[PDB]
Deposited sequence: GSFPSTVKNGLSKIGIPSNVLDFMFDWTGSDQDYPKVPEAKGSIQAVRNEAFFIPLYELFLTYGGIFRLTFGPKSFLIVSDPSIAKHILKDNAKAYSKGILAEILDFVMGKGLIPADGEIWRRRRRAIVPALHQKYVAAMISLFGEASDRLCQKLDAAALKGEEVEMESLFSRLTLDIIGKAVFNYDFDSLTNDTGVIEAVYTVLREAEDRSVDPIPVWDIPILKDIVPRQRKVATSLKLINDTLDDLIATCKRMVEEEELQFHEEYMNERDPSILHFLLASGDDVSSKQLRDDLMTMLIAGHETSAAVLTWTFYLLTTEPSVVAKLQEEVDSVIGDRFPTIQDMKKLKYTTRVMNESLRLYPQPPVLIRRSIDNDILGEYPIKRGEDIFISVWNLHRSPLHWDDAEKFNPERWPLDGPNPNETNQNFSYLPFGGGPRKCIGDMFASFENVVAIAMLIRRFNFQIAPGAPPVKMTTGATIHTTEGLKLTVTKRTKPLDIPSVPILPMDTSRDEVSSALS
């Protein structure tokens, strides 16, 4: 959908009306206009179509919500992602990534090729399930009805994402299994909170169940079980398929630039060796961060942000009324030749390696990996570190190349940019099994 919008943005500019019959979208590719919609005048907008897409699974979760219900739930959930909790989650990122490395090691020894997209999906599902509501999917190793239920739901969400866009049964069961499973976790976590002796503060975290579900229950907001299930469900959907795509496209991009891989291997060998990364390593893995930054620029998740005007406004210098469906093309902002040198080149050092990490503010909204304004992603640090940990640990241990005769790598976008047929790679060990673990300082 958004691929033709790139050339149309080159011809017709930062804001234009895509009409298809009697319906139309406003297509925004101007960083100034994006900043006006996302941050300066955000009160004039709702999530619009986005809610119609995600409502069946996310209910009253943060992403599709607006108004006071959004404001109250945002204020309750954001404290759960404090620095100590993010620091603890980094251990989880290292454990789960290590379980993936073990699979790649097994395949490497047998000369087997690996389809990385499906594995990255299993890895990021295993991470998000433990981090949010203390569930161990173990989708890296096994398949369960719970796991199959999640993917059924994700397939339906992708269908609802493509449905309102012009081109030029088992769901209800999967929802019931996920919701009942959440109920059991909520129940189990309630007993644990009733029995503990911990005092609640701004950095509250039970070291045995550091999940977001546990923080919320120990805070005592006392909302409905549906509202809590939907908040957890929303974060489960948000934190999963986004990073799965980020890792997939990162490693694809690494196949296209062997000089970046040498630079990345050099950093990871020197900074972490065989270690599980820690919070202190997140600042030290500069080039790894830039590689993630540049991957999210080349392949944003999602490529498009969705709003609907609920009041009069001026976009660029065109007046609009309420009721306009707006699609901010993050893809166009990220690749705009106006605002990027060699915009199609994979170049992690396009931001100075020792300068500030890029965000929507210092890039003046030409770069929105996590959005902007009041609706900005609350998991931006969570996911930023999750992906740095995965990249570093994988690159330390293996060399990846496009597999011979692998299917082509094409984009199939619903809510995230998936590939058409996977990312088939040959994986080769960089360290020998009989080598003593290398711990650098």
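- Stretches of the deposited sequence lacking C-alpha coordinates, numbered from 1: 1-51, 220-231, 505-519.
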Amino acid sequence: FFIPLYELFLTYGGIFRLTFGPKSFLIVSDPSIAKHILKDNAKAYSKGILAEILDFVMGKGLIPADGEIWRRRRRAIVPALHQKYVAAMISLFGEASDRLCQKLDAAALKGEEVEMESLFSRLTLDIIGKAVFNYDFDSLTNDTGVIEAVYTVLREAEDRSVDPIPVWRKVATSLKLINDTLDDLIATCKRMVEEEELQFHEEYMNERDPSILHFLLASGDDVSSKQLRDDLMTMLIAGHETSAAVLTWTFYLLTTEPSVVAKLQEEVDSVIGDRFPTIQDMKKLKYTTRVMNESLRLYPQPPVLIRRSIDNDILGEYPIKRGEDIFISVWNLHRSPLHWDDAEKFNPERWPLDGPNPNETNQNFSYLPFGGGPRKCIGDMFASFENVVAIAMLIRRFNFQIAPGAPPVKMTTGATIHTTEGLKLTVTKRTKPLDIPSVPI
From here on, numbers count along this sequence of modelled residues.
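- Taking the PDB entry as given, 218-226 carries the higher mean Cα B factor of the two stretches 330-338 and 218-226.
- Higher average CA B factor: 197-205, of the stretches 70-78 and 197-205.
- Of all the options 189, 296, 306, 247, the entry's greatest CA B-factor is assigned to 189.
- Set against one another, the Cα B-factors of 377, 383, 58, 391 in the record reach their highest point at 58.
- Among the modelled residues of its chain, residue 169 has a C-alpha B-factor that falls in the highest third, as given in the PDB entry.
- Ranked by C-alpha B-factor against the other modelled residues of its chain, residue 401 falls in the middle third.
- Among all modelled residues in its chain, residue 416 ranks in the middle third by Cα B-factor.
- Per-chain ranking of the deposited C-alpha B factor places residue 105 in the middle third.
- When the CA B factors of the chain's modelled residues are split into thirds, the value for residue 116 lands in the lowest one.
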